[PDB]
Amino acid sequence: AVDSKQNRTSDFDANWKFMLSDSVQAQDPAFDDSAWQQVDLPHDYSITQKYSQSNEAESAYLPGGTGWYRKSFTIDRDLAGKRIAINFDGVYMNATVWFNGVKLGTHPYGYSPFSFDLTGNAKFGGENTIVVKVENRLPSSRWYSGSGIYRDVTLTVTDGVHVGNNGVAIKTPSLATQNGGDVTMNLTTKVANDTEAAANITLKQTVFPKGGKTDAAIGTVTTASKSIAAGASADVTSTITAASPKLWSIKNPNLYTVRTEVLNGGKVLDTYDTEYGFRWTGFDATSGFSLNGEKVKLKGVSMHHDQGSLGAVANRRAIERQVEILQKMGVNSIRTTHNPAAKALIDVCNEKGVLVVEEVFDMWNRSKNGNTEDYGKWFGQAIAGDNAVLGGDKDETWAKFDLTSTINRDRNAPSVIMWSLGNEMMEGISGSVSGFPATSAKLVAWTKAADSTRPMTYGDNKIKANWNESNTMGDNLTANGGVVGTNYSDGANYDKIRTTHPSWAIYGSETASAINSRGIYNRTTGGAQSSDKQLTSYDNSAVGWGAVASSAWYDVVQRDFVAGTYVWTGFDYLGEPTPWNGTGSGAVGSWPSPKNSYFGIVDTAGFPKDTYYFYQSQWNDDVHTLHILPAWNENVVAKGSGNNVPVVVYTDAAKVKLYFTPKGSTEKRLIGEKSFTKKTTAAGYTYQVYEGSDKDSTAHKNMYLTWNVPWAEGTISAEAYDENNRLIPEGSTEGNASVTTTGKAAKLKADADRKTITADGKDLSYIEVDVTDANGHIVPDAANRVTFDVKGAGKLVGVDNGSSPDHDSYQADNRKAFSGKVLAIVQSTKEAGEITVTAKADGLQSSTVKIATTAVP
């Protein structure tokens, strides 16, 4: 039901029909879809299919296939004479779009946004059917991609004379020197005349705080009359003098709305808004990164797009929760490995104050890892002349279209600081690489012309291998205001890059790739396939090309010229289950094989691994950290020489005293005391390393503290002390400041992260359930199967435990805990009410939580 009550751009997610089938031909309006599934977008049709060992480990053993989406809807007669378009933020992949039986075009890339005009084929005042065919033919990805319309879809309805799609670009070239006073904004606006008569228009533009009223504007302008021929467009340039704009920053992410009205006479024809923030950056070859004139270390993570048990679905609350968990770790930046983010993530980062390195491509013109259906099939092909897809430039290759489409979408987003043009473009491919520098220069030229305001970059793993191609490409980046990302350099190679390429501004575009499970303590070693399909939680386990967390951070924190780090990864993701990876078919190890990653600091369910608190101790200057591993039950610890257990403390404290309290005692005994040394770089960054007589001989391991404690039932506890040898007040210190021997599992403890959510059929409530003993201590290895009974105005949409080899259905109402924890994800309906969730487990006390849902005004 499409009419004039809708906003100019309106949500089009509701009430689609879906069918998985590679034989059906369902483009015609009269096709009978009465037996098809009924779904709301966003939607992922891989995540509900069964695991199969004849699929590929790298994409989580889940199939893709051909999916059809249909939606029949009325276009009211009050929209006659208006322009109508449908906008896709992402469809994975190989979309074909028909409207009322007429093929509109196609779009290969699964991660870039695109649109189609519907006006030409619309039945105004009648029934209409839009149809999307999706062909995710495997193999197409080095990770789990998902399949389908996994991001939001909207409708755009405008007057015949209107601002174009993504039609306003904003530059503040003098912001760094004008800051504090009047700031010049240079705007360019595309105005299209899609009528059959000449138009003469003016623009009224207004900049006012986001969510505020226009009378709080900090600047306005009205332009002179502009003539636009019928069926043509014009670019209208204008200048706004913004009166003392608030800067956008990590701490204070102030946002503005920039509103453009197209006027004919005194009547508004079209109103187009774009979100904006005032900020400037710099990358210096010697001193690194700065935001708004102040030095900032990029403390970043790489993040794949999926949302755990939800699959690829770009649910806004799921994405927001990820960012919130990362911020709590001290993360201030995200690299969207290796593809454009959902706009929802860009929205969140604009609002939260998180810097985004938005990467556009993984491979370029050569497919990777035998994935013959990946984007390397399409990167260099032309766009057919009858393909009416819209979003970016269509005059060269798909790569240019997809790159400019992404830049057009996000060019005004203050959170985005760099455009990353590729990742390890020469890794895992066949043929010569001699043409790759020329491809790189072409991408750099396109980017610089599409957006002069931000550096372009890439993530190159051949700089450490001294490939001449990397020298050429890095110089070409540098010659165009770009910044060079090196993948998996160590301290010595950072120094070699600085010596060999003194003109480059560099950063660690991908680092670490430590591999750990959550809650595994009976060995401190890893880096390879184990006997239990899990990996140690100690930070001693990494892939051969990577480095443990303390090593990759130690090498970055010391060097002001390494602007920052993008740790692989912030969250575990589906697929790439290294060291159980497989780029071909077949189970890796005994089935069920590990099907999600072990790289994440946080698991797929949002539950942090122990190294989360090492990073928090290093990165979060707004909280204190005091965290002990391992959990202190005899059957989970590792007994080495002398039956001693290695005890690790992550903390930002200056000094720690370790204690032991035997079970049944209330009196603790001092067992150790260690003090950090404070280091300061030339730029003023600080960090702590242990330099005591029993320090580790491997320097980077001294960014934390280790004791060897004999096993005995009781409690290990730690006290934090500051530089003055005074006790640190409890406050809001995070982590396990003590570990203690538990009893047997007795009860469940369920808690919803948000007790009230929006009744829009989108918002989510995340319910963590712990298996604990009778005194509330989590049983560290508990794997009890927990069943969720969801009643009321909501639906269970996912269950998760983060365990890589668990093939139980994400859509079941039950799942085993892993390392004491399990997750349920409930979604609201479109009616306000109450959701009651009861978590049950055999032999244990149940736990019930209640969640209110609130109607949309």
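Note that residue numbering follows the sequence shown and begins at 1.
187-195 and 701-709 differ in mean CA B-factor, and the higher of the two is recorded for 701-709. On average the C-alpha atoms of 259-267 have higher B-factors than those of the other stretch, with 110-118 and 259-267 being the two compared. The PDB entry assigns the greatest CA B-factor among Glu719, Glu351, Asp410, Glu135 to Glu719. Considering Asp215, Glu320, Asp495, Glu424 together, the PDB entry gives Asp215 the largest C-alpha B factor. Residue-level temperature factors show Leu796 in the middle third of its chain, judged at the C-alpha atom.
Per the deposited record, the Cα B-factor of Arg335 falls in the lowest third when ranked against the other modelled residues of its chain.
Sorting the modelled residues of the chain by their CA temperature factor places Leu62 in the lowest third.
Annotation for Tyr45: C-alpha temperature factor in the lowest third relative to the rest of the modelled chain, per the entry.
In this PDB entry, the Cα temperature factor of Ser367 sits in the middle third of its chain's modelled residues.
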